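The next block holds one structure in the form of structure tokens; read it before the comments.
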Amino acid sequence: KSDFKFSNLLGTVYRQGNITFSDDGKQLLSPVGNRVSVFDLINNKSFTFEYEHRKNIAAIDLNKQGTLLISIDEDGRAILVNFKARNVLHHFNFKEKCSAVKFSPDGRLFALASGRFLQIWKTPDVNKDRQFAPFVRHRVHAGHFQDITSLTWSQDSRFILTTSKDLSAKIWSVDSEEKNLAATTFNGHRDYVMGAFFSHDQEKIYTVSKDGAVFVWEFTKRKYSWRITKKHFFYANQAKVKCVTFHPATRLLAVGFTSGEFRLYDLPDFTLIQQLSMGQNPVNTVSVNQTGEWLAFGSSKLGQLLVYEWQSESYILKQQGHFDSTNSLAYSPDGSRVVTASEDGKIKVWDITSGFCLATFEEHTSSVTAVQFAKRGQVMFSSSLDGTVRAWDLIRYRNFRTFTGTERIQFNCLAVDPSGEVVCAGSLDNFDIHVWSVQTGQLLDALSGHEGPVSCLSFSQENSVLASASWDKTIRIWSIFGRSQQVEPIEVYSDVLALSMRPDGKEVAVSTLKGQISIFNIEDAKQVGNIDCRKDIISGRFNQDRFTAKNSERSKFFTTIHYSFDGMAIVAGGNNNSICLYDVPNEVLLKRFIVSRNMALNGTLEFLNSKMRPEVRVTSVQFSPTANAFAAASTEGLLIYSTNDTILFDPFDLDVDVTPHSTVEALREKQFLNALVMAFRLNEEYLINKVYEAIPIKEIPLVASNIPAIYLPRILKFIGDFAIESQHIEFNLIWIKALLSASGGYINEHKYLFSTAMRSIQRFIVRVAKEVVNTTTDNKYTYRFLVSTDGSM
Amino acid sequence: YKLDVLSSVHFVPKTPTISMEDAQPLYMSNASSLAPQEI
Amino acid sequence: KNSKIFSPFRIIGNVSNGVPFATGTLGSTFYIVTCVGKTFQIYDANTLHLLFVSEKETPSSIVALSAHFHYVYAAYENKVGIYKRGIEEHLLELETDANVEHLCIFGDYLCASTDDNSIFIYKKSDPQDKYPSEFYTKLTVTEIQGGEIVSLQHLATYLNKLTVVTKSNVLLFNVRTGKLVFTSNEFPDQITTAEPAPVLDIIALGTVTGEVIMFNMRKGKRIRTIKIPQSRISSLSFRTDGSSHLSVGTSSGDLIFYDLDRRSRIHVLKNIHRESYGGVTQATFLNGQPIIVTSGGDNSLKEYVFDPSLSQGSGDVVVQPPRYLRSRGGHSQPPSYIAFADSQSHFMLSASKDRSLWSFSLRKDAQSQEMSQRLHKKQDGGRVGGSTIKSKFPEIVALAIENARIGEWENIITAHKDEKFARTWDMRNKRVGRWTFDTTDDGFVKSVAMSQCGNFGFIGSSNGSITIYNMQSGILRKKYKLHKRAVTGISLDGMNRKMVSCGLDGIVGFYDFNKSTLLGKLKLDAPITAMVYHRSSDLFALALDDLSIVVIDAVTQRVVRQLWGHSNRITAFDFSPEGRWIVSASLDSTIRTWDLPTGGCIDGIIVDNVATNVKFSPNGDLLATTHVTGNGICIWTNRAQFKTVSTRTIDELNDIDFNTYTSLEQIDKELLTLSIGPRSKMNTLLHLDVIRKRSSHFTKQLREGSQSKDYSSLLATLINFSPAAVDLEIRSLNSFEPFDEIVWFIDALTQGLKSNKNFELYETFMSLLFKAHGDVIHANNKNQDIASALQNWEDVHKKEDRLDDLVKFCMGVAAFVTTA
Amino acid sequence: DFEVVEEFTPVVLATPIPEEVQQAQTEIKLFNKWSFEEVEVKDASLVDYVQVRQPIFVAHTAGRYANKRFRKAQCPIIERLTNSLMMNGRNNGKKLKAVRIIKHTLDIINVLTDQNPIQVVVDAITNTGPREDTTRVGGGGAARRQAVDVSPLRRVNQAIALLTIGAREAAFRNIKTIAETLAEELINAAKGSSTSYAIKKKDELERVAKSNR
Amino acid sequence: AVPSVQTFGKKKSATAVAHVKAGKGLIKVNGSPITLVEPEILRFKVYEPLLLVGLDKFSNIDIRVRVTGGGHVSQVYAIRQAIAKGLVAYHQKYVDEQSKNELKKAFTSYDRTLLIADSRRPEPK
RNA sequence: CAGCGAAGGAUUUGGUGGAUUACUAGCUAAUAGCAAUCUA
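The following block contains the structure:
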């Protein structure tokens, strides 16, 4: 239950730093703020590393074995991570701002540009155990006079070519015996040298500067001593070079400027292969694939990330995120994608597994305040500060409906019908609730009776009663449908922000400004029970303010709460860097999550070092409708916290004779039901999978009819989280058919137990199985046409 | 932008062939996403 | 015994052990290299930060260590190791079996004295290299010439000579010619220390009766004598900043300061270190500086500074006494209890037999701080009792930290040796708290716990009664009386709903906590000594008296595992943070790891000291053990955080031993099965034209499969290559005169989807065929070969409606069951 | 065995509190006399409409029960009896007089039938409420009645109404008062004696429904 | 100098100010004890803040209530509201928060009108 | 007054030291030198 771990970070495909590819360039590693995201672009998936720098990261490299990563932040706190185990190996503090870090091509050394010293360390093994000091220093060279801007290793890991703000570039041999081969310095640029590369044969050296000159250096005679043979110029007048890279094998120089324009050249002849623009913001990063076919560009101001193949002129992806400006989120009615309403005025529909945005919608001319799904993922409603609620078909991607009032107000929250006839929206300057029909477009009603700004709205999903709650310290329940026009006001102790509604519509949980979460019975309007949450809230100290984090009244309350789908838990977040979840029977804190440890954000540290910034805040929390997770719209992105059953041995009434050995003996002796319930009492995912695949098709329905009723949600949620990605489609559908036929009355009379295990199953039937069935159906009908009709002339 | 950035609490940030069209919706590989009534 | 889960990382909390440290000087800064057992540690003397720790543990204890500029020379059992930045550069094996026990380094020479009164000289090869490396000669101090060698020094400007300080004599060797230049007269008492003065050719000798001699090593006389009666002299140091002071260090822990110019005694720092641990073991002035670094055997390293004089004209006669400056320290006695302060594995609480509670940092050793015992004020306003001569609290039996409400109120609850109340502490302030919870039955505190709401603390007395206090306000809330003998374990649920107590009468009581009922009581077969509650999985483990570990869950109150194998009393145990393993340690000098899923012993370590405490980190990072000897905390890292270990039992289905199940490729040949690959490949193939608008071997294998009537290699190549390659191979298939390549592809897809594997890909390959050149198939429809190939493709493909009505049933009934 | 200590000093206050008042902190009884546990509703379909599961100290809960439809199904049935007792033009508003005569009638119910008077009044409700009734199917005014069933809230409503107005007319000009006539009415309705106005009226309504069923 | 706490209890036009401080255990309404609060049939309406939570909460504190306005039943409802939320506020400020929200849970399970009145009315239908 | 109460108790304040981010040493013209010195 409560054992959530940080899974993913949706939104924000790039923040600051350098993009890296893999060696077999399938994944790309992107520095999001202090995490690192890794997007696998072929196997369409994505993860974010769990570890966390304390400032924004500025350098990334992983060796070409793929086996370990090193990430340096913007004051030199390096972190060495095991890339396969996903666990951090060492924390090493270089003392000043490191501009670049690079592993050697042979993997065994890495070097980095810390200030004006090039320092080469040698890589610790991944097979060795963790030591107190795993890095052993090779050397530290100081020949530059100002800060080094770039490294480049040679093809053999033998020379290293560094570029500085000082107007030179230098070549250093790795070992001392080749010191005479590499002792030259390369002058002649008017500005900062942005890059210095070898050719494929390491005979020519190209040095690209900030003003726009690329110099070709050759070991010629005018003795032989590294002349400059040709200077080529970009002649981009106002713009200047922001990032350079070179693929030496395909002779491809890729250059991004401070105007969004990037050009890519075939270098020793200097012929413009292509020139095109990311946008208007500067191109902060260029990176290239190992085969040189993909170019990943990152612009840091809008947080955007291209990877673009330059042969077939086409963008593998275009993915722009939102730093700090995200007002709301909503899970799709199957937990496959999250819709994000963001303050720059747009809707963005992010896939969860593959961490990318599918569609974006810009028809609001101001900050979109709320999104909400309806009609089972077919329609999606959003309300913004420009005065409009509007509806979005997620099939034809059209804004088909726009609802305004008559009073020119700005809407801050909405709520739709279950049977989506009516949308409803509340403002923070009008004290009314606006009730629109969705079929026609008209303003059906204006509900009046709050004496304070309507902070939150929610329709009960079962009996369709409206619950609004406002800053006049009052939650209010409106019976709209069918001749009632009934109003029931429940007073509460302080002013309310974030009401939420149970999945059965029985109760409503409100968050108040005191710091509490009160839970009320709707039909008999009396309080069922409250949680006192203002003492398990982490409220950090800002830098500008002159009052301690203990005595602050800034963020000791929750501005967004949400029920779990079994109705038993509440996740909650606010303008603080803790999100807390509770179980509402016992009113006790299950777990508290620190949403950021970035010291670049403001409200993170409670105690500031006695030796504006974007504050940290969560603006919306939601539980996943299909699989045991929650998304939180922080300032860093959409933090996705999820459990997984691979770890955490948590049995269910095992005894001493219940053992993996006992389970495989019962499987080998083919008591299949006993093996299945032994694996359920182990609650071990590999054992459940092993027994599940070992049961034959002949006796799926006998086992599925004899499964005990306490192990029913376990086998249903297992079949869901297995069958989304497993290939055994007919096996999983046979099991689903046998379970629904044998015990599908228990499910119907215990709806909210199997409310997230059944939504995960019909995330498998309509999303892989129905697509396959559509393909075979179209093949059958094209066959019947192509052989049944007359093609003659 | 500038009047509502100073009238607020929380922080607000601010020819070649193509500007790559980085922001673009409608795409789960949809081509004829029009309505049958629209057609 | 080497392990396969945990590997040794460091032993934290150690600063010194009373080997005389060495000082070294890089440029104008100073470092201080102190021995901690078998490693040394380099400290930055301007701030006492831990720069370096030696990379490997030496095979025995380091016994004499010196430091020139970049290099540190550490002598242990037989040999001298030359270390730079911790990493060992060289190892000088001596040709003896005698233990090397002194050394000096001057010039190209390293001179190492053994304990059989032989001296080994080692020489550099060429005077430009970094350390003395080659053997040169051997010197011997026989019984005629002098006693046991008590020090080995080189006083300056002495061209390749060596002052050897024996117990009675002072010899002077020429170490190039191997000669004994000068042997002094005898000394009437045994001399223990020596230090060269910054005066030219003067050494200072310290005797076992109380006198400092100032021997002039060129005249052969003694210049002056300083008498400190009944004090054995253990250190000598000289001030070198224009103030001629000497600092002697006395093995009753005293540091006495003398003016040599005006022959007075400046000041005495009394009890600067403990006499019982050796007194002041090494004291030295950082040269040119008024700061002196002392170190003692009580695991402590201090600095004292001389402020400038307070009289603006006299100065030299009004010498302000030395004051204290920075210091590092740890426990002076081996720790008795261990806990982790937080889930981040950053701080760990640690209580010792020297009656101190330290908070040690696993990230940076400067952050280690002693929790203060300065009591608060009484709540009413009455007087607090106790002695006026303040001493530390009795040594800590148990403790329990739960930082849910940290900074808010009292946070740690701790139980001391043979006293009837449990103190509280605040980890945020790092100090004691306002409350001492009584037991209310005149019994000593045998266990403590506290809930994870942070509101409640639980005291378990030796007369068998649990008392539940409030941590905020410090008052009795409830009191359960079930046991009659001593309650050794209390814990509570993560939801404050069921508590579990275990006493050494061998009954585990299960109580409801909100209601004050008991849910049950289970009688085991031995007295229970210790409980550990794994709180997420609700499984608690008991160390019984019959040397078993009983793992029992609190939900259904059954013994669910029973782990046998320990040969003596189980000292400690702890759960893995995921709750899969349990690591125990017992008085047979062993540490075992048990996989309680399978119920067997994964790994065992025979460790020479008995491990008295074992704690996992609250993440899966580290194991922390605590042994009988050694003032620190031994730290291990689990290698199973980076690899996966086999849960296969030691003594003295490889996927099921490695907890995996690689899902088999297809379960039955009559079952449809998708590809082992991404699900999106079907959609990419079916719509890759509009996707991009929004953004040969094949022919030879096809022909060879048409010969052999087996297209398995063709279909393997098709399932292998990429969507652009698939479209470009299907789009070029010779659709013109006899139509062979089309019909070979069609009955290849027939042979493919007869096999019920990769069938969504075979379906899209047929869709791509009909899309690319289904117009030529429609054109020469009624052609015999292509019509028969499509006929048998439909013959196999018409058995695909099993999937259709299967997903129709699942969709319709799932919708009906969910909605209605 | 096992015992919990949860007070650690005998509680004494400076204001002296009566011994039965400080005995009332272990169980809530109506008027500190009549226990609410082991008071069951011996007829199902009326449990969840006669409410005896939140014990009270006096029949004067000033809560608001007339602003949703079935919210008066969880007013405690002693207070519903009290509120129905304070109705006519003479005795409107006088809830303290109604509470005082409810206290007197429960005292004399217990002194006549030595059993729990809350159990007696709950049995009187569940025996009085009619289980069938007739509506007048109109046809423009064709005088024909059709038997309908009757919902449990209407059964509890009409039960309290029949009992209270039977006590009024039984106390109309006899020597007995409203408290004594209501006691006789609740006792006879509890045992179901057919000597009460209330269950004679129930038997007439049910018999007419049986007639023109 | 003393830890003290002031709360308010209101029904229609009665209003009751309750001062709670540490003491010996005396509960006094309008100077007279709590066992004199007429109309004597609603004395248990006044008592139920004491009997719902036990007199061991009141064994260490002394309350005084000053009640003006209203009528008989409005004054007993003001008294019980003032006593209840005064005990809650005292255990908030000077005793632990766990006993604070245990008291809030007990009073709210009995009736939350001990802690929150029904104040602004009517409804214009 | 009672009570609390070990060769005393309370309040206030100045200075210094250690933490307030996760520990790979100083200098320079830096593949090494110096640190007693870079200069003939």
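Protein chains in written order, with the numbering used here: chain A, 1 to 793; chain B, 1001 to 1039; chain C, 2001 to 2820; chain D, 3001 to 3213; chain E, 4001 to 4125.
Where a beta carbon is used, it is the ideal one built from N, C-alpha and C, also for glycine.
Taking DSSP as the reference, what is the three-state secondary structure of residue i?
{"i": "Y265(A)", "result": "strand"}
{"i": "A2716(C)", "result": "helix"}
{"i": "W2581(C)", "result": "strand"}
{"i": "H434(A)", "result": "strand"}
{"i": "residue 805(A)", "result": "It is not possible to answer for residue 805(A), since the shown part of chain A is limited to 1 through 793."}
{"i": "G2249(C)", "result": "strand"}
{"i": "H2331(C)", "result": "coil"}
Do residue i and residue j have their CB atoms nearer than 8 Å?
{"i": "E771(A)", "j": "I2667(C)", "result": "no"}
{"i": "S518(A)", "j": "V492(A)", "result": "yes"}
{"i": "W2594(C)", "j": "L2563(C)", "result": "yes"}
{"i": "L589(A)", "j": "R541(A)", "result": "no"}
{"i": "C413(A)", "j": "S455(A)", "result": "yes"}
{"i": "residue 1989(C)", "j": "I2228(C)", "result": "Because chain C spans 2001 through 2820 in this model, residue 1989(C) falls outside it and cannot be assessed."}
{"i": "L2728(C)", "j": "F2745(C)", "result": "no"}
Excluding sequence positions up to five away, which residues of its chain have a Cβ less than 6 Å from the Cβ of residue i?
{"i": "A3198(D)", "result": "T3128, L3162, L3163, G3166 and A3189"}
{"i": "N44(A)", "result": "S354"}
Whose C-beta lies closer than 7 Å to the C-beta of residue i among residues of the same chain, with five residues either side of it excluded?
{"i": "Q2701(C)", "result": "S2713, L2714 and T2717"}
Look up residue i in the DSSP assignment and give the residues it is bridged to.
{"i": "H3060(D)", "result": "Paired residues: none, contrary to the question."}
{"i": "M599(A)", "result": "In DSSP, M599(A) forms no bridge with anything."}
{"i": "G2086(C)", "result": "BP columns for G2086(C) are empty, so no partner."}
{"i": "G2024(C)", "result": "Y2031(C)"}
Can you name, in chain order, every residue of its own chain whose Cβ lies under 8 Å from the Cβ of residue i, other than the five neighbours on each side?
{"i": "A2725(C)", "result": "none"}
message: With a threshold of 8 Å, are at least 3 pairs of Cβ atoms found where one atom belongs to the stretch 2371-2382 of chain C and the other to the stretch 2329-2340 of chain C?
response: no
Inter-stretch contact at 8 Å, needing at least 3 Cβ pairs: the stretch 234-245 of chain A / the stretch 256-268 of chain A: yes
message: Quick test of the definition: if touching needs 3 or more C-beta pairs under 8 Å, does the stretch 2653-2669 of chain C touch the stretch 710-718 of chain A?
response: In short, these stretches do not touch, since the Cβ pair count stays below three.
message: For the stretch 2500-2508 of chain C against the stretch 2455-2470 of chain C, do three or more pairs of beta-carbon atoms, one drawn from each stretch, fall closer than 8 Å, so that the two count as touching?
response: yes
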